[PDB]
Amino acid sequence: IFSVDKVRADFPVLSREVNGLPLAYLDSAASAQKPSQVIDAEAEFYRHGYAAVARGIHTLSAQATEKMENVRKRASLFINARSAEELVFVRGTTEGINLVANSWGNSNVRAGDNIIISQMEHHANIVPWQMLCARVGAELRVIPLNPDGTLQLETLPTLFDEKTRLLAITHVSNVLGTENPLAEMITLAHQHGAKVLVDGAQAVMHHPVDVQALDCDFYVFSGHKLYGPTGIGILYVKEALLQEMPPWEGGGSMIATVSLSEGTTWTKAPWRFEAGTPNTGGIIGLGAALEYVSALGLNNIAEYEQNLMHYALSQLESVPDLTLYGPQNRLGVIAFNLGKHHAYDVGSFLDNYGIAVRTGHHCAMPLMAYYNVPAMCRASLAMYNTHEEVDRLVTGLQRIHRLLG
């Protein structure tokens, strides 16, 4: 079983005070706090083992290379990829989507084709496709939303045709907490010869993810939302696709030979997609984050978080004039607005109580426009949050309502 008190003991930020008051950090969906096991793994690498990792002959450099490739293997087992060589280290979900959009998109999407996204996508999984569509003359089609925050799946027959080259779809909404029916949508997309990129940035910390079972063609997530350091993420690509993809960034370590008279040739995937000095510190930290999460157990995490979410939704019924957005079975986040008060003001009062929530458009302006609001508040309920933190949120919303009503 899961013990939230033991977990919290690993996270030094959680004893912080804000505005003279104890912090209630309800913004893990924007970025997660990190356990000391992750912080110290990176620090200890810098203190005792640091070197460049170009398979350098000298000992420290050879050992750093091995650490980095071990993390690639660990990450591939974490998402059940068939091969470690199907994983590319990127800065994060955003860079991974841009890499696919340029390397795969530029040589596979042509004038007159179409790409399908959803109306709930994060900007990271919108803008690169708008740029691609503008570069090659393709059309960006959109799966619309239902009022309860689920996809209008009945529209799929009008959107998929012979010219559909790619579905790019979120696994879990960063605003609504909706989990999309990926396995079934990927079956439909593949029936038309379309590939599927999955934005998994809000899925990988809440329950096991298995890319062979999903059969997705691309999968991306960020380390800093998975209790890990900033500056590092993972792009998974099916081996047969990745081996045909041309490089994106050029430079050292992704070449086989460089000549100023005969041109340059590329190395093999995945190293062809990793130019320049890798983020070795971030990679070490990410490896430690995966080990920490696996030691807790993602099914234990999912069970505790689901219980916390059920409790929060039950308690929030006692907040007058609270509007919630999204389905009852949400994962991770609670998007809401309080009466007619602007999210920014609600979030400012909550911050004044020491409660950190996010307000604004959450990098999902098309989703805000669907609900005809300029902004929302969002509380994240992660594995280190508590019933008492939920109680503080509910009470704070009640007091804000009383005061501003």
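Residue numbers run from 1 along the displayed sequence.
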{"property": "Average Cα temperature factor in the PDB entry - higher stretch of 363-371, 54-62", "result": "54-62"}
{"property": "Between the two ranges 106-114 and 277-285, the one averaging a larger CA B factor in the entry", "result": "106-114"}
{"property": "Candidate set 329, 230, 170, 93 [ranked by C-alpha B-factor, highest]", "result": "329"}
{"property": "Residue with highest C-alpha B-factor in the PDB entry, from 89, 271, 160, 218", "result": "160"}
{"property": "Among modelled residues of the same chain, the CA temperature factor third for residue 302", "result": "highest"}
{"property": "Residue 101 CA temperature factor, ranked by third within the chain", "result": "lowest"}
{"property": "Third of the chain, ranked by Cα B-factor, where residue 311 sits", "result": "highest"}
{"property": "Where the record places residue 350 (Cα B-factor, split into thirds across the chain)", "result": "middle"}
{"property": "Position of residue 165 among the chain's modelled residues by C-alpha B-factor, lowest, middle or highest third", "result": "middle"}
